[PDB]
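Trainee: The structure that follows is given in the form of structure tokens.
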């Protein structure tokens, strides 16, 4: 699966978590602790946090180890990011180009 989806949309109610103060870290550590290549994307106003992982494994544990779990006293939620971007078969791409794929 060259291009696989391994993200998670964590919904936090603590408006503070959306600050550089520190409250944020705590939230990150929760996931970061698992994977180090995990990326975090905070969306102000949308009260959403997209956490991308390096493998479809951690993403799972990140849910059980989190979610409803009372995060600092406030219950947080987590949804499985549906795919990456719009799919569906469309106008086939133009002729390919020279390339040398490696093993996997």
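No Cβ is skipped: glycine too gets one built from the backbone with ideal geometry, and neighbour counts run over all protein chains shown. Just so it is clear, none of the values below were taken in a lab; they were calculated from the coordinates.
Trainee: Test each condition in (1) outside any strand (DSSP E or B); (2) within 14 Å of the chain's Cα centre (by Cα); (3) within 12 Å of residue 12 (Cα to Cα) for residue 37 and report the one that comes out false.
Mentor: Only one criterion in (1) outside any strand (DSSP E or B); (2) within 14 Å of the chain's Cα centre (by Cα); (3) within 12 Å of residue 12 (Cα to Cα) is unmet by residue 37, namely (3).
Trainee: Of the residues that sit in region 13-34 and are buried (at least 17 other Cβ atoms within 10 Å of the Cβ) and farther than 23 Å from residue 57 by Cβ, which one is farthest from the chain's Cα centre (by Cα)?
Mentor: Once the filter is applied, the top-ranked residue is 14.
Trainee: Run residue 59 past the list (1) touching a residue at least 12 places away in the same chain (Cβ under 8 Å); (2) out of contact with any helix residue (DSSP H, G or I) (no Cβ under 6 Å at 6 or more places or on another chain); (3) not in a helix (DSSP H, G or I) and report the number of the one that doesn't hold.
Mentor: (3)
Trainee: Identify all residues within region 1-34 that are within 30 Å of residue 103 (Cα to Cα), assigned to a loop (DSSP other than H, G, I, E, B) and touching a strand residue (DSSP E or B) at 6+ places or on another chain (Cβ under 8 Å); write none if there are none.
Mentor: Within region 1-34, just 6 meets the criteria.
Trainee: What residue, among those in region 64-95 that are surrounded by 10 or more Cβ atoms within 10 Å (Cβ to Cβ) and not in a loop (DSSP other than H, G, I, E, B), is farthest from the chain's Cα centre (by Cα)?
Mentor: The qualifying residue farthest from the chain's Cα centre (by Cα) is 74.
Trainee: Another question, then. Has region 82-89 got any residue that is free of Cβ contacts under 8 Å to residues at least 60 places away in the same chain and in contact with a strand residue (DSSP E or B) (Cβ under 8 Å, 6 or more places away or on another chain)?
Mentor: No; the residues of region 82-89 include none that is free of Cβ contacts under 8 Å to residues at least 60 places away in the same chain and in contact with a strand residue (DSSP E or B) (Cβ under 8 Å, 6 or more places away or on another chain).
Trainee: Considering every residue within region 43-62, establish whether at least one is loosely packed, with under 11 Cβ neighbours inside 10 Å, within 27 Å of residue 1 (Cβ to Cβ) and touching a strand residue (DSSP E or B) at 6+ places or on another chain (Cβ under 9 Å).
Mentor: No - not one qualifying residue is present in region 43-62.
Trainee: If you don't mind, another one. Report yes if residue 42 is in a loop (DSSP other than H, G, I, E, B), touching a helix residue (DSSP H, G or I) at 6+ places or on another chain (Cβ under 8 Å) and at negative phi, otherwise no.
Mentor: Taking the combined requirement at face value, the residue does not satisfy it.
Trainee: Out of region 3-37, which residues are over 18 Å from residue 74 (Cα atoms) and in contact (Cβ under 8 Å) with a residue 24 or more places away in the chain?
Mentor: 3, 4, 5, 6, 7, 8, 34
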